Amino acid sequence: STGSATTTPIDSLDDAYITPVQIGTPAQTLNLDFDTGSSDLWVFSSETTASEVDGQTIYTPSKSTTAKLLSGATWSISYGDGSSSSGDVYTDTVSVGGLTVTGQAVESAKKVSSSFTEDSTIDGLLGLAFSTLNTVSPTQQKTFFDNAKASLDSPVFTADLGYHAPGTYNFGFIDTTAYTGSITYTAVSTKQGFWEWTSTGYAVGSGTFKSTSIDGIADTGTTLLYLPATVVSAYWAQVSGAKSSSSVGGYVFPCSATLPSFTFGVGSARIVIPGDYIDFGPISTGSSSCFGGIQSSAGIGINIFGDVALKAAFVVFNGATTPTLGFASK
């Protein structure tokens with residue numbers, strides 16, 4: 001089997017991407033944030049505290065003839081941006097782009113933090129990291145991909161995120177028309193539960209490539225590119241007037257600037273992020289200070305190849321017995 005679904009930016013900045021997901025019988029379609037940095041499929045629901053729902057589409061398990069309470073199971077998750085959610089668990093039929101999994105754990109939110117309530121465009125998350133990170137207790141549950149894997153034509157999924165435009169998540173096949181050149185594959189460590197890999201270096205604009213190992217994660221659920229402070233300083237030094245602002249929370253730059261590209265290495269291959277991809281717009285409406293798309297990871301503990309980086313590539317998440325990642329230009 002295969003599946004293919006379009007993923008759409010939630011706003012004009014590409015802060016996140018939403019993909020329609022069919023849950024239950026008859027189908028209830030929710031728009032979920034596919035997140036290769038986490039491993040829970042959770043949804044706003046008829047159980048979510050009413051004051052914490054503001055415009056999201058909810059899953060109502062009592063209206064699904066295939067829903068079953070997973071007795072005794074609870075979940076609770078916190079994300080790198082400080083947001084969180086928690087609740088109980090049903091199993092139900094879940095379909096993405098024509099690919100169907102029966103008995104998928106659908107984690108129903110009883111509580112969500114304010115940032116979720118305040119974002120009416122995201123109805124939940126669909127985790128695509130390794131199932132070792134799934135938070136369901138006392139019986140850990142498998143991700144949608146883990147459940148689908150054995151049925152897929154090939155045990156892979158691909159992320160093809162658009163810049164200010166829709167893109168595609170495919171399951172079970174590589175679309176050889178979706179990229180240019182060749183796909184360069186690179187080793188993955190699953191020891192932290194992430195799609196963790198080592199970039200071979202970087203360049204700023206037309207500058208020379210610096211060969212240096214940068215361990216980080218391929219994370220579709222993180223908006224920006226978070227790299228070591230040395231790398232980030234080297235980038236922003238090429239933008240007149242850019243500076244790190246503690247009050248704003250990162251590097252800002254004059255909105256009048258033209259940003260240089262940023263290149264990262266994948267083995268001997270190179271992925272070029274155009275400068276425009278690094279502009280996240282005014283820090284507040286009407287400001288002439290703009291927020292940068294490359295930020296320091298120093299306070300995180302891990303480097304994160306988020307959407308800024310991934311949207312410059314066609315990315316293969318190869319879930320074979322020994323997982324690997326592939327990157328191609330497009």
# chains A, B, ... in the order shown; residues from 1 in each chain; ligands from 1
call {"tool": "residues_around", "arguments": {"residues": "residue A:303", "least_positions_apart": "5", "cutoff": "6 Å", "atoms": "only C-alpha atoms", "output": "count of residues only"}}
result
4
call {"tool": "closest_atom_pairs", "arguments": {"of": "stretch 112-202 of chain A", "to": "stretch 312-317 of chain A", "cutoff": "7 Å", "atoms": "only C-alpha atoms", "output": "tab-separated table"}}
result
residue	atom	partner	partner_atom	distance
A:156	CA	A:317	CA	5.6
A:157	CA	A:317	CA	5.3
A:158	CA	A:316	CA	4.5
A:159	CA	A:315	CA	5.2
A:160	CA	A:314	CA	5.0
A:179	CA	A:314	CA	6.1
call {"tool": "write_last_selection", "arguments": {"atoms": "N, CA and C atoms", "output": "CSV table (one decimal), in the first residue's frame"}}
result
chain,number,residue,atom,x,y,z
A,156,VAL,N,9.0,3.5,4.1
A,156,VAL,CA,9.5,4.8,4.0
A,156,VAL,C,8.4,5.8,4.1
A,157,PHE,N,8.7,7.0,4.5
A,157,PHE,CA,7.8,8.2,4.2
A,157,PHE,C,8.7,9.3,3.7
A,158,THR,N,8.1,10.3,3.0
A,158,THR,CA,8.9,11.4,2.5
A,158,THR,C,8.1,12.7,2.8
A,159,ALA,N,8.9,13.7,3.1
A,159,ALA,CA,8.4,15.0,3.4
A,159,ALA,C,8.9,16.0,2.3
A,160,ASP,N,8.0,16.7,1.7
A,160,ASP,CA,8.3,17.6,0.6
A,160,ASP,C,7.5,18.9,1.0
A,179,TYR,N,12.0,15.5,-7.1
A,179,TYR,CA,13.3,16.1,-6.7
A,179,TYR,C,14.2,16.1,-8.0
call {"tool": "atom_distance", "arguments": {"atom1": "atom CA of residue A:121", "atom2": "atom CA of residue A:90"}}
result
22.8 Å
call {"tool": "closest_atom_pairs", "arguments": {"of": "stretch 46-128 of chain A", "to": "stretch 172-177 of chain A", "cutoff": "12 Å", "atoms": "only C-alpha atoms", "output": "CSV"}}
result
residue,atom,partner,partner_atom,distance
A:96,CA,A:172,CA,11.7
A:97,CA,A:172,CA,11.3
A:98,CA,A:172,CA,11.4
A:99,CA,A:172,CA,9.2
call {"tool": "write_last_selection", "arguments": {"atoms": "N, CA and C atoms", "output": "PDB file, in the first residue's frame"}}
result
ATOM      1  N   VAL A  96      -4.533   8.361   6.093  1.00  0.00           N
ATOM      2  CA  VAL A  96      -3.786   9.512   5.600  1.00  0.00           C
ATOM      3  C   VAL A  96      -3.585   9.317   4.110  1.00  0.00           C
ATOM      4  N   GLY A  97      -4.158  10.206   3.312  1.00  0.00           N
ATOM      5  CA  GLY A  97      -3.877  10.164   1.895  1.00  0.00           C
ATOM      6  C   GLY A  97      -4.189   8.834   1.255  1.00  0.00           C
ATOM      7  N   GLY A  98      -5.222   8.135   1.735  1.00  0.00           N
ATOM      8  CA  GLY A  98      -5.594   6.847   1.187  1.00  0.00           C
ATOM      9  C   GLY A  98      -4.958   5.635   1.845  1.00  0.00           C
ATOM     10  N   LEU A  99      -4.038   5.818   2.782  1.00  0.00           N
ATOM     11  CA  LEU A  99      -3.405   4.728   3.522  1.00  0.00           C
ATOM     12  C   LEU A  99      -4.121   4.574   4.857  1.00  0.00           C
TER      13      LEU A  99
END
call {"tool": "select_by_dssp", "arguments": {"residues": "stretch 89-118 of chain A", "states": "alpha helix (DSSP H)", "output": "PyMOL selection string"}}
result
chain A and resi 114-118
call {"tool": "atom_distance", "arguments": {"atom1": "atom CA of residue A:102", "atom2": "atom CA of residue A:154"}}
result
18.9 Å
call {"tool": "residues_around", "arguments": {"residues": "residue A:75", "least_positions_apart": "6", "cutoff": "12 Å", "atoms": "only C-alpha atoms", "output": "ChimeraX atom specification"}}
result
/A:39-43,84-90,105-112,133-141
call {"tool": "residues_around", "arguments": {"residues": "stretch 252-269 of chain A", "least_positions_apart": "5", "cutoff": "7 Å", "atoms": "only C-alpha atoms", "output": "PDB file with C-alpha atoms, in the first residue's frame"}}
result
ATOM      1  CA  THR A 184      22.012  11.366  -0.733  1.00  0.00           C
ATOM      2  CA  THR A 186      23.034   9.460   5.575  1.00  0.00           C
ATOM      3  CA  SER A 199      25.507  17.126   8.715  1.00  0.00           C
ATOM      4  CA  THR A 200      28.953  17.488   7.158  1.00  0.00           C
ATOM      5  CA  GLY A 201      29.132  21.292   7.369  1.00  0.00           C
ATOM      6  CA  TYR A 202      27.792  24.583   6.134  1.00  0.00           C
ATOM      7  CA  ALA A 203      28.331  27.663   4.021  1.00  0.00           C
ATOM      8  CA  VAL A 204      26.950  31.188   4.315  1.00  0.00           C
ATOM      9  CA  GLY A 205      25.894  32.770   1.035  1.00  0.00           C
ATOM     10  CA  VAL A 239      23.475  40.683   7.473  1.00  0.00           C
ATOM     11  CA  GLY A 241      22.360  45.360  11.440  1.00  0.00           C
ATOM     12  CA  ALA A 242      21.429  41.836  12.533  1.00  0.00           C
ATOM     13  CA  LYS A 243      21.862  41.111  16.224  1.00  0.00           C
ATOM     14  CA  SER A 244      20.766  38.702  18.909  1.00  0.00           C
ATOM     15  CA  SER A 245      18.014  40.239  21.037  1.00  0.00           C
ATOM     16  CA  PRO A 274      17.527  30.474  -0.113  1.00  0.00           C
ATOM     17  CA  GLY A 275      17.792  33.657   1.909  1.00  0.00           C
ATOM     18  CA  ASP A 276      14.068  34.354   1.623  1.00  0.00           C
ATOM     19  CA  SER A 288      10.881  47.102  10.854  1.00  0.00           C
ATOM     20  CA  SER A 289      12.739  44.471  12.894  1.00  0.00           C
ATOM     21  CA  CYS A 290      12.291  40.992  11.444  1.00  0.00           C
ATOM     22  CA  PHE A 291      12.750  37.608  13.115  1.00  0.00           C
ATOM     23  CA  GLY A 292      15.425  35.299  11.777  1.00  0.00           C
TER      24      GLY A 292
END
call {"tool": "atom_distance", "arguments": {"atom1": "atom CA of residue A:277", "atom2": "atom CA of residue A:33"}}
result
19.8 Å
call {"tool": "residues_around", "arguments": {"residues": "residue A:217", "least_positions_apart": "3", "cutoff": "9 Å", "atoms": "only C-alpha atoms", "output": "number ranges by chain"}}
result
A: 36-37, 194-198, 302-306
call {"tool": "decode", "arguments": {"residues": "stretch 137-161 of chain A", "atoms": "N, CA, C and O atoms", "output": "mmCIF file, in the first residue's frame"}}
result
data_model
loop_
_atom_site.group_PDB
_atom_site.id
_atom_site.type_symbol
_atom_site.label_atom_id
_atom_site.label_comp_id
_atom_site.auth_asym_id
_atom_site.auth_seq_id
_atom_site.Cartn_x
_atom_site.Cartn_y
_atom_site.Cartn_z
ATOM 1 N N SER A 137 0.800 5.587 28.685
ATOM 2 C CA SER A 137 1.084 4.775 29.852
ATOM 3 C C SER A 137 -0.201 4.075 30.269
ATOM 4 O O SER A 137 -1.277 4.673 30.193
ATOM 5 N N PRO A 138 -0.128 2.824 30.744
ATOM 6 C CA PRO A 138 1.076 2.041 31.037
ATOM 7 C C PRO A 138 1.598 1.215 29.865
ATOM 8 O O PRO A 138 2.602 0.521 30.031
ATOM 9 N N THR A 139 0.926 1.268 28.717
ATOM 10 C CA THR A 139 1.294 0.477 27.549
ATOM 11 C C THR A 139 1.617 1.448 26.421
ATOM 12 O O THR A 139 0.714 2.062 25.845
ATOM 13 N N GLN A 140 2.899 1.588 26.109
ATOM 14 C CA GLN A 140 3.321 2.491 25.050
ATOM 15 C C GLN A 140 2.704 2.053 23.730
ATOM 16 O O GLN A 140 2.558 0.857 23.457
ATOM 17 N N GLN A 141 2.352 3.033 22.903
ATOM 18 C CA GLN A 141 1.675 2.805 21.636
ATOM 19 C C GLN A 141 2.576 3.156 20.455
ATOM 20 O O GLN A 141 3.529 3.933 20.571
ATOM 21 N N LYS A 142 2.240 2.579 19.306
ATOM 22 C CA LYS A 142 3.001 2.774 18.080
ATOM 23 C C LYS A 142 2.493 3.965 17.273
ATOM 24 O O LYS A 142 1.302 4.281 17.258
ATOM 25 N N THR A 143 3.418 4.602 16.559
ATOM 26 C CA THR A 143 3.048 5.669 15.645
ATOM 27 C C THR A 143 2.282 5.114 14.444
ATOM 28 O O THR A 143 2.317 3.920 14.125
ATOM 29 N N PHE A 144 1.608 6.030 13.756
ATOM 30 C CA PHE A 144 0.918 5.697 12.518
ATOM 31 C C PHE A 144 1.857 5.017 11.529
ATOM 32 O O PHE A 144 1.504 4.008 10.904
ATOM 33 N N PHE A 145 3.070 5.554 11.376
ATOM 34 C CA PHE A 145 4.033 4.974 10.446
ATOM 35 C C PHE A 145 4.452 3.581 10.884
ATOM 36 O O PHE A 145 4.505 2.668 10.061
ATOM 37 N N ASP A 146 4.737 3.399 12.173
ATOM 38 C CA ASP A 146 5.110 2.082 12.676
ATOM 39 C C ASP A 146 4.002 1.071 12.408
ATOM 40 O O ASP A 146 4.269 -0.064 11.991
ATOM 41 N N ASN A 147 2.747 1.464 12.631
ATOM 42 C CA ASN A 147 1.636 0.550 12.377
ATOM 43 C C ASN A 147 1.467 0.257 10.890
ATOM 44 O O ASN A 147 1.098 -0.857 10.514
ATOM 45 N N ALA A 148 1.711 1.242 10.031
ATOM 46 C CA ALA A 148 1.510 1.051 8.600
ATOM 47 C C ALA A 148 2.661 0.327 7.915
ATOM 48 O O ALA A 148 2.459 -0.242 6.836
ATOM 49 N N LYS A 149 3.839 0.329 8.542
ATOM 50 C CA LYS A 149 5.091 0.033 7.855
ATOM 51 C C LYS A 149 5.016 -1.286 7.108
ATOM 52 O O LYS A 149 5.362 -1.367 5.925
ATOM 53 N N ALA A 150 4.559 -2.334 7.790
ATOM 54 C CA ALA A 150 4.589 -3.677 7.221
ATOM 55 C C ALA A 150 3.725 -3.781 5.972
ATOM 56 O O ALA A 150 3.986 -4.627 5.103
ATOM 57 N N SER A 151 2.690 -2.946 5.868
ATOM 58 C CA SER A 151 1.793 -2.981 4.724
ATOM 59 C C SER A 151 2.295 -2.152 3.558
ATOM 60 O O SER A 151 1.828 -2.330 2.432
ATOM 61 N N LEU A 152 3.219 -1.236 3.809
ATOM 62 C CA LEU A 152 3.663 -0.314 2.781
ATOM 63 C C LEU A 152 4.491 -1.029 1.724
ATOM 64 O O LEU A 152 5.183 -2.012 1.998
ATOM 65 N N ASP A 153 4.447 -0.498 0.500
ATOM 66 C CA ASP A 153 5.267 -1.067 -0.564
ATOM 67 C C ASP A 153 6.745 -1.033 -0.190
ATOM 68 O O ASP A 153 7.489 -1.975 -0.482
ATOM 69 N N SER A 154 7.183 0.055 0.443
ATOM 70 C CA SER A 154 8.530 0.227 0.953
ATOM 71 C C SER A 154 8.391 0.919 2.304
ATOM 72 O O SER A 154 7.502 1.766 2.471
ATOM 73 N N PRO A 155 9.247 0.588 3.288
ATOM 74 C CA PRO A 155 9.045 1.117 4.657
ATOM 75 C C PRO A 155 9.622 2.513 4.840
ATOM 76 O O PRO A 155 10.572 2.745 5.601
ATOM 77 N N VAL A 156 9.021 3.462 4.127
ATOM 78 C CA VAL A 156 9.524 4.822 4.037
ATOM 79 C C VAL A 156 8.360 5.796 4.055
ATOM 80 O O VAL A 156 7.234 5.466 3.686
ATOM 81 N N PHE A 157 8.662 7.024 4.466
ATOM 82 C CA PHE A 157 7.803 8.151 4.163
ATOM 83 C C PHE A 157 8.687 9.308 3.728
ATOM 84 O O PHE A 157 9.886 9.325 4.015
ATOM 85 N N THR A 158 8.100 10.251 2.990
ATOM 86 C CA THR A 158 8.852 11.388 2.487
ATOM 87 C C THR A 158 8.137 12.676 2.844
ATOM 88 O O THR A 158 6.904 12.735 2.873
ATOM 89 N N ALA A 159 8.934 13.701 3.132
ATOM 90 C CA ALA A 159 8.447 15.037 3.409
ATOM 91 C C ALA A 159 8.939 15.968 2.317
ATOM 92 O O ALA A 159 10.149 16.080 2.079
ATOM 93 N N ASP A 160 8.010 16.656 1.678
ATOM 94 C CA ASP A 160 8.298 17.613 0.610
ATOM 95 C C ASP A 160 7.535 18.885 0.951
ATOM 96 O O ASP A 160 6.460 19.137 0.414
ATOM 97 N N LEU A 161 8.090 19.655 1.880
ATOM 98 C CA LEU A 161 7.424 20.849 2.366
ATOM 99 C C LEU A 161 7.639 22.005 1.397
ATOM 100 O O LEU A 161 8.738 22.190 0.868
#
